[PDB]
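Asks: part one of the complex, untouched from its place in the assembly:
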Amino acid sequence: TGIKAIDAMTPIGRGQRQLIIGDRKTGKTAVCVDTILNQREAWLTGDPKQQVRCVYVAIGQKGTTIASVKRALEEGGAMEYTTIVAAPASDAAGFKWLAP
Amino acid sequence: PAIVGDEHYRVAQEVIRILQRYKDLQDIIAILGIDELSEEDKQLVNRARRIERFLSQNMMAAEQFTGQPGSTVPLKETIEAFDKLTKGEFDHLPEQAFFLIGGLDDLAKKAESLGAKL
Amino acid sequence: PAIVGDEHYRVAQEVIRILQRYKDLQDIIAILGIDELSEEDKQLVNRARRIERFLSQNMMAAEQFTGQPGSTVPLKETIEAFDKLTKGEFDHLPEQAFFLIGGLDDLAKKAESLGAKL
């Protein structure tokens, strides 16, 4: 993930499911975006055994928040290997239910 | 005051105020005992303990449980006793002297039985 | 830091940290008193009380309630004032001097009115 706390105290392996749980405005999206950005060097390696393709599912977020996340990924060059599946707050309950 | 008179009402309100202050202090007391309270608060807490014990009484219908005959206290004696107790005139008597008794005469007899003197 | 700037972000984070520490210490101060805190904790508590008072402000829309005209504080003045607070540059002023005022000029005036001086 590139985050010292996670990579040292709660390491994540490939194929694991690591929940990020917390109250609002605690940095959950920050941690996930940092992980996606950290995958940049692995992507540049070019070797599929090292490369990590990223999917970011946004459920129930306002469209401008998704735009901000995409902007952050652009800044770090992460959108070259990242796909965003967006079901913003205005979407029907069907899309919010199906996006994951 | 309009119905029970000014003295009855005043004594009742003073008793309630002391008991309310004791209830408020319960939070501190539960953790730290009474030794961390100011001198005024310590005095008030001792007075409140004595008041709350003295509000108890040996009831007529309680004899079947304890074998102790009940007592009846006239209203004037009750007002006088609680006036004195709120004034601090019985601060020297032990708490148990106030427990399950009638009027001031019973308080005197029980305090004597416990070695204390009124 | 990217948008508001390094100084604004730094001062805001310091204010939030001080207020969080004060929130943590509130219960200890309530039960065991402030004397049992460490020296740095006492200093932080004084700073935090002054900071929470200074975050208060007399608003124009509130003149109908307080009967006091409102004030407007430029952002740079706010940042400088709270930077001074977080450094303890106003610890000698009574905390009441920080209540419902504008900038540092209003703070100096109120401190003069209360007998202090910055």
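Replies: Alright, I've got the coordinates. Numbers count the residues shown, from 1 in each chain, chains lettered A, B, ... in the order given.
Asks: Would the strand or helix carrying residue B:47 count as contacting chain C?
Replies: Here residue B:47 sits within helix B:39-55, counting by DSSP states H and E. No - Helix B:39-55 stays clear of chain C (Cβ under 8 Å from any Cβ of the partner chain), getting no nearer than 13.3 Å. Just so you know, the C-beta spots here come from the backbone N, C-alpha and C atoms, and that holds for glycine as well.
Asks: Stretch B:15-31 now?
Replies: Yes - applying Cβ under 8 Å from any Cβ, one finds stretch B:15-31 touching chain C at B:27, B:28, B:31.
Asks: Can you get me a residue count around residue A:24?
Replies: 5 (other Cβ atoms under 10 Å in any protein chain shown).
Asks: How about residue A:73?
Replies: 21.
Asks: Using the three-state scheme, assign it.
Replies: Look at residue A:73: counting by DSSP: H, G, I helix; E, B strand; the rest coil, its state is helix.
Asks: so, if you compare the residues of stretch B:15-31 next to chain C, which one comes nearest to residue B:41?
Replies: Nearest to residue B:41 out of those is residue B:28 (Cβ to Cβ; 8.7 Å).
Asks: Most neighbours among the residues of stretch B:15-31 next to chain C, which one?
Replies: residue B:28 (16 neighbours).
Asks: what's the helix or strand harbouring that residue packed up against?
Replies: Taking DSSP H and E as the definition, residue B:28 sits inside helix B:6-32. If you count contacts as 3 or more Cβ pairs under 8 Å, 6 or more residues apart in numbering or on different chains; DSSP states H and E, helix B:6-32 packs onto helix B:39-55, helix B:75-87, helix C:6-32.
Asks: add chain D to the structure above:
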Amino acid sequence: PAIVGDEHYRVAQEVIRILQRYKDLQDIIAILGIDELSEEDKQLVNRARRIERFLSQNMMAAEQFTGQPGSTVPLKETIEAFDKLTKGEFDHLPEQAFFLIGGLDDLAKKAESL
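Replies: Adding chain D to what we have so far:
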């Protein structure tokens, strides 16, 4: 006692008492160090450390990790061994000798090996 007998109950209760007292002293040991402890406290701490380490055992499933095979201590053997430990008949032996062993025979062999 009605199920496992009085001897087992007494030995287990004594072990529990010693371990609980040691746990109580753990905070003092951590903060102020073992120096502040009383002499009786130090003796109890040593005895409790040896007891808590003799509760460890070389398990059958642990062989694949540590090549040593596991042990099966009979109930009476365990009862008597922990009775002796509580009474204070092994406090002279080093602590390391109590790691991952079976009954008293293994304890003697590991003590000799040290």
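Asks: What packs on helix B:6-32 again please, chain D included this time.
Replies: By 3+ Cβ pairs under 8 Å, 6+ apart, helix B:6-32 packs against helix B:39-55, helix B:75-87, helix C:6-32.
Asks: Tell me which residues of stretch A:15-29 come out buried.
Replies: residue A:29 (16 or more other Cβ atoms under 10 Å in any protein chain shown).
Asks: who wins for proximity to residue B:108 among the helices and strands packed on helix B:6-32?
Replies: Judging these by Cβ to Cβ, what sits closest to residue B:108 is helix B:75-87, at 10.9 Å.
Asks: For residue 69, the count of nearby residues, please.
Replies: Unless you meant another one, I'm taking chain A. Neighbour count of residue A:69, defined by other Cβ under 10 Å: 20.
Asks: you looked at the wrong chain, it should be chain B
Replies: Applying other Cβ under 10 Å, I find that residue B:69 has 10 neighbouring residues.
Asks: List the residues that contact it.
Replies: Shown in contact with residue B:69 (Cβ atoms under 8 Å, 6 or more residues apart in numbering or on different chains): B:58, B:60, B:63.
Asks: Dump these to TSV, plus neighbour count.
Replies: Converted to TSV, those look like this (neighbours: other Cβ atoms under 10 Å in any protein chain shown):
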residue	neighbour count
B:58	16
B:60	11
B:63	12
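Asks: among those, which are in helices?
Replies: Mapping those onto helices (DSSP state H) picks out residue B:63.
Asks: Need the contacts of residue B:69 in a markdown table (columns: distance to residue B:22).
Replies: Shown next, in a markdown table, are the contacts of residue B:69 (distance: Cβ to Cβ, whole Å):
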| residue | distance to residue B:22 |
| --- | --- |
| B:58 | 23 |
| B:60 | 29 |
| B:63 | 30 |
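Asks: Another chain to add, chain E:
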Amino acid sequence: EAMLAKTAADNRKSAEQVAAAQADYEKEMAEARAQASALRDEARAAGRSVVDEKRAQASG
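Replies: Okay, chain E now, added to the rest:
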């Protein structure tokens, strides 16, 4: 008597002068390291100003 007093004051002078020399050496070391740190910080600050004006120009 004067030779003895000399010997004494001279020994005292040497004993304090060794310490004074060590203190002065440490002081100049600290001053030079502080100057180096100030140089590094000023270089970083100038670079930050450069990137900030670059941001302003690019935004415009």
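Asks: once more on the neighbour count of residue A:73, with chain E this time?
Replies: 21.
Asks: what's the answer for residue B:17, then?
Replies: Quick note: residue B:17 (other Cβ under 10 Å) scores 13 neighbours.
Asks: Check the gap between it and residue C:65 for me.
Replies: 33 Å (Cβ to Cβ, to the nearest Å).
Asks: Tell me the buried residues in stretch A:85-94?
Replies: Buried residues in stretch A:85-94 (16+ other Cβ under 10 Å): A:86, A:87, A:88, A:91.
Asks: can you give me the end-to-end distance of that stretch?
Replies: Taking Cα to Cα, to the nearest Å, the first and last residues of stretch A:85-94 lie 14 Å apart.
Asks: And the contacts of the helix or strand that contains residue A:40?
Replies: According to DSSP H and E, residue A:40 maps onto helix A:28-45. Here helix A:28-45 makes contact (Cβ under 8 Å, 6+ apart) with A:1-3, A:6, A:20-22, A:50-52, A:54, A:56, A:69, A:72-73, A:76-78, A:80-82.
Asks: Which among those residues count as buried?
Replies: Looks like the contacts of helix A:28-45 have A:1, A:3, A:6, A:54, A:56, A:69, A:72, A:73, A:76, A:78, A:81, A:82 buried, using 16+ other Cβ under 10 Å.
Asks: Reformat those residues as TSV; add secondary structure.
Replies: Conversion of the buried ones among the contacts of helix A:28-45 to TSV gives the following (three-state DSSP):
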residue	secondary structure
A:1	coil
A:3	coil
A:6	helix
A:54	strand
A:56	strand
A:69	helix
A:72	helix
A:73	helix
A:76	coil
A:78	helix
A:81	coil
A:82	strand
